Amino acid sequence: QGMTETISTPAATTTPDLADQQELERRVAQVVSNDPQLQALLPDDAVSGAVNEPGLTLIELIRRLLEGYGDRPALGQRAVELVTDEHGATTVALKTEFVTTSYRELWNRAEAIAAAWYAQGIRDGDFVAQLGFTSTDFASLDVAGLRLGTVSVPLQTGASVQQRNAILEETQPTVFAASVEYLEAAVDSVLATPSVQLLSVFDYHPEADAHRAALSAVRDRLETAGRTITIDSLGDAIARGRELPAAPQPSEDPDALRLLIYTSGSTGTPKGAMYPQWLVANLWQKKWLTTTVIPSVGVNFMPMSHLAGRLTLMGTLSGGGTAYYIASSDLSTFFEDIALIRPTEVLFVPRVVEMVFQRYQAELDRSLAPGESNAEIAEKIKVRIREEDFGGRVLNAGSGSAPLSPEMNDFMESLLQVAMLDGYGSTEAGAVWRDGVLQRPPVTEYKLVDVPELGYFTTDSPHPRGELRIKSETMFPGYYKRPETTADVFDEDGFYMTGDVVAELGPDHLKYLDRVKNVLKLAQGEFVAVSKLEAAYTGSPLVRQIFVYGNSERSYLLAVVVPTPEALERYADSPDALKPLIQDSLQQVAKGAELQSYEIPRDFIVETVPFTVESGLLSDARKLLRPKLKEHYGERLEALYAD
Ligand SMILES: Nc1ncnc2c1ncn2[C@@H]1O[C@H](COP(=O)(O)O)[C@@H](O)[C@H]1O
Ligand SMILES: [Cl-]
Ligand SMILES: [Cl-]
């Protein structure tokens, strides 16, 4: 593939160049020079060379990384205090500080868990279901899996019971690991899954009455079912495992399975993308899209069931950084947390960018004043958010997993004063592009394929359009126990069919348009990329979330609009008034974005209850789950069409 390079091949497939990445290397140097924490977190090139020695097993390179960085802080989690009220009841409360686990302590805990589990009869090749958010304990379980040679199955916490149990039926795990938050759901699925011999409970504080009561109920229910099963805290497994015989070394075969990452298509049937040893190793050896070498204080806010949660976690550790956990699965502590973390690197998803923009808009509305213009006030607010909310040390930032509007790219770059990288990739393919430019490696080949029923052709003007298809060094081997499904997503020439419509701006230079299945045809022949519309309309200060909906029988669009709480409160006493103001705001967004008139929803339902991951309307990446939204709002929307 070096021999398919041309003079038109972007350097950006390799290197990011402009006069200023001397200015960023300087700006990085400045942030480091008044910050003792950051000095000690630069990557060690001796540890990197050991980790990248060719021919290493995955456990050997994991060992060289974790033992190599030693007592360096790896994982930061918010400290907790046990509060015992005057009645005797004890709760766990967060403290306003973080504490850390070192690289070698992570390794020691992993080896202890593997020893304890092996003594409990768990073996290399067993599947391990894991139900939780993302946390230090979860990271310990993940590395423990690599050490024992099991297959991690991180389950989506918002998935239906029926589908979770079917995944359990298919993987027959011998271990079910659950954070205390999700223990009741765990017991339901353990009772349905007789293969489980061990229930391992993590993120667990037994001195808190509620955690203690959750565990007693677990033991009560599993005993009533007559289940022979070991119920064991991760903390005690670690304590006891420190003194037990070492687990045997795990299988060495690079193709041995180590992780499944589930994903759903338009059918809503999850399928498990297989991650073998060699593909897991890629996550730990190569940070997605490095702008340049920086001390890495990162933020984990995405679940371990999603690739993006692994990109921040293993990306940060790969280069000797410290990865800090958001303390709430619903992100309610997000801004309190990052103000304490003060990260140097943030990998956003669009939903979280939209939350930051809303925070800014609400602060602006509260700060309006006759003696300064909105732009003047907005500038001061951005300084404050950049310095106080984000910590003032953000040096690298980016977004991926879903499209991000040009307006939000510009806003985040202005707010954070860094370039906002756009990272496109998938669970299946791995990393595919950076700011539109195909990354070679791992990508080796791409093409676009016409989608004539959506009006996309490689001969379109000004840009070729069609479905992106790719070959890549990090292409997954397939979906677990779904060979026909896997064959179905590779075309006759072996290209992976991304299901994404793109435009080719230039050789190796692409623009995301939408999912094939997201594009709607209106009655008169127009085609609409709904997720672009949703990204634009969400930017209205009145709008918190939006779901755009159409019917090919109709000439126009509808939507479901969740207003911001500030908007609802401002018109609480004038109910009639909010809907026409939202409509006018959509019209104005459309004119600013140069959208066509058919791209403007002509009516909508006002929803006061935001879509959530817990409700199944949002994916664990907080993207819309369109079949679930059409399942939920479809009758009302068609009734809005019909009358
Ligand atoms: N930077 C990105 N920009 C636009 N869309 C993205 C980006 N990253 C992922 N997507 C979408 O997310 C899909 C992968 O989702 P998943 O396999 O569940 O992680 C891709 O096929 C795209 O549709
Ligand atoms: Cl379902
Ligand atoms: Cl003004």
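The rules behind these values
Residues numbered from 1 in each chain as written, not as in the entry; some residues may be left out. Chains lettered and ligands numbered in written order. Heavy atoms only, no water. Helix = DSSP H or I, 4+ residues; strand = E, 2+ residues; numbered from the N terminus. Rg over C-alpha atoms; globule rule 2.2 N^0.38 Å. Buried < 20%, exposed > 50% of the residue type's maximum accessible area, 1.4 Å probe, protein only. Contact = heavy atoms within 4.5 Å. Areas by Shrake-Rupley, 256 points an atom, 1.4 Å probe, with all protein chains shown as cover. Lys, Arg positive; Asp, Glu negative; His and termini not counted. Charge placed at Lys NZ, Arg CZ, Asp CG, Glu CD. Pairing = 2+ DSSP bridges. Axes fitted to C-alpha atoms, helices over the stretch in contact; angles between N-to-C directions. Core = buried A, V, L, I, M, F, W, Y, C linked by side-chain atoms within 4.5 Å. Domains from an automatic or database assignment. Buried area = accessible area lost by both parts, 1.4 Å probe. Salt bridge = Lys/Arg side-chain N within 4 Å of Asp/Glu carboxyl O.

- This entry lists X-ray crystallography as its structure determination method and reports a resolution of 1.97 Å.

**Some details on the overall build of the protein**
- Counting secondary structure elements, the protein contains 21 helices and 25 strands.
- Its C-alpha radius of gyration of 25 Å places the protein within 12% of the 26 Å reference for a compact globule of 643 residues.
- In terms of principal-axis extent, the alpha carbons of the protein reach across some 70 × 70 × 55 Å.
- Counting over 643 residues, the protein shows a buried share of 53%.
- Across the protein, the fraction of contacts at a sequence separation of at least 24, relative to all contacts at a separation of at least 6, is 67%.
- Carbon together with sulfur atoms contributes 50% to the accessible area of the protein, which is approximately 27900 Å² in total.
- Within the protein, the 90 negative side-chain charges are centred at a point lying 0 Å from the centre of the 57 positive side-chain charges.

**A look at the sheet that holds strand 11 (residues 322-325)**
- An order of 2-1-11-10 is seen for the four strands of this open sheet, with the pairing classed as mixed. Every other strand in the sheet has two partners, leaving strand 2 (90-102) and strand 10 (297-300) as the edge strands with one partner each. Strand-to-strand, the axes of this sheet are offset by a mean angle of 30°, without reference to chain direction.
- Relative to strand 11, strand 10 is paired through four bridges, and the arrangement is parallel. By the bridge assignment for strand 11, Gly298 is matched with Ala323.
- Along the sheet, helix 13 (residues 334-341) contacts strand 1 (73-84), strand 2, strand 10 and strand 11; its crossing angle with strand 2, the most-contacted strand, is approximately 35°.

**Regarding the nonpolar core**
- Ranked by internal contacts, the top residues of the largest apolar core, which has 71 residues, are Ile62, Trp117 and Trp284.
- Here the element with the most residues in this core is helix 5 (residues 103-119); it accounts for nine residues.
- The contact partners of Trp284, leaving out residues within four places of it in the chain, are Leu61, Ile62, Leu65, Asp142, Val143, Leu146, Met314, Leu317 and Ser318.
- Listed in part, the 46 residues of the second largest apolar core include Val28, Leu41, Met302 and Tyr324.

**Observations concerning the sheet that holds strand 25 (residues 603-606)**
- Strand order in the open sheet formed by three strands is 23-24-25, with mixed pairing between adjacent strands. The strands lining the two open edges of the sheet, one partner per strand, are strand 23 (543-550) and strand 25. When the angles between neighbouring strand axes are averaged without regard to direction, this sheet yields 25°.
- Bridging between strand 23 and strand 24 (residues 557-563) involves seven bridges; their strand directions are antiparallel. Counterpart to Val543 in the pairing with strand 24 is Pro563.
- Against the sheet, helix 18 (residues 530-538) makes contact with strand 23 and strand 24, and its axis sits at roughly 150° relative to strand 23, the strand it touches most.
- Sheet strands touched by helix 20 (residues 575-592): strand 23, strand 24 and strand 25. Its angle to strand 25, the strand with the most contacts, is close to 130°.

**Focus on the domain arrangement of the protein**
- Segmenting the protein into domains produces domain 1 (57-285), domain 2 (287-424), domain 3 (428-517) and domain 4 (522-642).
- On the side of domain 3, eleven residues touch domain 2, which itself brings ten residues to the contact.
- Contact between domain 2 and domain 3 buries roughly 930 Å² in total, counting both sides, with carbon and sulfur atoms accounting for 57%.
- For the domain 2 face of the interface with domain 3, the top three residues by lost area are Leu289, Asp422 and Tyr424, together amounting to 66%.
- Remark: the boundary between domain 2 and domain 3 carries zero salt bridges.

**Some words on helix 15 (residues 374-389)**
- Those residues of helix 15 lying buried are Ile377, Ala378, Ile381, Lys382, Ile385, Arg386 and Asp389.
- Of the surrounding secondary structure, the elements contacted by the buried residues of helix 15 are helix 13, helix 14 (350-366) and helix 16 (406-416).
- Positioned one or two residues after helix 15, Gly391 has a phi angle of 100°, which is positive.

**Describing the pattern of salt bridges**
- Enumeration according to the criterion identifies 37 salt bridges in this entry.
- Here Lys287 and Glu345 are joined by a salt bridge, their closest N and O atoms 2.8 Å apart. Of this pair, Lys287 sits in the loop between helix 11 (277-285) and strand 10 while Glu345 sits in strand 12 (residues 345-348), and the two are 58 residues apart along the sequence.
- With a relative accessible area of 25%, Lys287 lands in the partly exposed category.
- Because the salt bridges share partners, they merge into one network encompassing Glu53, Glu60, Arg63, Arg64 and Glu67.

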